[PDB]
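Have a look below at one chain only, the form deposited without the partner chain, in structure tokens format.
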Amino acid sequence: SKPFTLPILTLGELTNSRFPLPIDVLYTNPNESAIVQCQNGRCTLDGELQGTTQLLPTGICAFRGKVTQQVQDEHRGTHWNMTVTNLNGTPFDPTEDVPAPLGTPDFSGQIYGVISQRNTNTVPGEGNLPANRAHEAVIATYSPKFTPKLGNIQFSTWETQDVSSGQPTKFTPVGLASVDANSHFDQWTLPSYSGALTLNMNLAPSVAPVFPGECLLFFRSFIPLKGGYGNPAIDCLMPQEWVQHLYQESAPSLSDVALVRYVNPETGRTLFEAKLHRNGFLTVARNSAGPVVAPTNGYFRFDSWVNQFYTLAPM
């Protein structure tokens, strides 16, 4: 009977659940043709994590593992294969009912970040301390060599030789390498977690409005670029702090839809209302695409459990 609640956090106090970025704006895009089925930032209102979702902000689009060897690839750069474990260092068991190790990226693109290594072996003359190195790196999640569900991925570097075989390796995500057509950025296209031509499994379900006039409402962040033109964004269904809150609370869901109000604390006024659905996503009554222009002190407050029949006041 534990009452359902959301944390009290302005947009300026929230972070994206699909890439390590602050939330910049609320956003809608009603004419989206893609199926929306992201795998990070997936949590039911009663606290069940789904997809590849995990709790750490540092785990989103991160990998841990070991480089095996440099490998040939037709594409530009120097390429390296790495085995991947769970983020906690334990071996990834492909028989677990998840799509891929938790935290694995959930979109097609060239993810830019830093690969770092801290050697296992230490040197006596260096105070029994290990050698280290880090370099910029790109992981193309659409590559046939992106196979995290099989425990292996590949990354490329500008650096031509200074990556060590057999050593503990971390990928820290930073942004995208490019959003040119040839870099295949599509935030709603899932990677093939086991490779070219295989079917993904254990997915969090797709989400959609079902009531006429309603559209999804997203928490949008702008993602950095290594180069080229663009202002790319990543849209999540709920911020990471909501994932963290719902997981902690695990309040029973008393219907399939929670009515929430976006409120301005100063005025006490409701700016608009939204449906927060059981599977963990928002809809609003809006007939346009683009940002929601709202006071910076605003946040969502739980109002009451309603049902799928409920008619939202238009934004």
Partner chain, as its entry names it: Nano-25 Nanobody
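Positions refer to the first chain, counted from 1.
Here the subject shifts to the form solved in complex with the partner chain, a form of this protein not shown in this document.
Residue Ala208 is the only one of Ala208, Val71, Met201, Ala196 with a heavy atom lying within 4.5 Å of the partner chain in the deposited bound form. At the 4.5 Å threshold, heavy atoms of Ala289 stay clear of the partner chain in the deposited bound form, well away from it. Mapping the unseen interface onto this chain, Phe63 falls outside it, with no heavy atom inside 4.5 Å of the partner chain in the deposited bound form. Contacts between 35 to 49 and the partner chain, taken as any heavy atom within 4.5 Å in the deposited bound form, involve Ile35, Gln37, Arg42.
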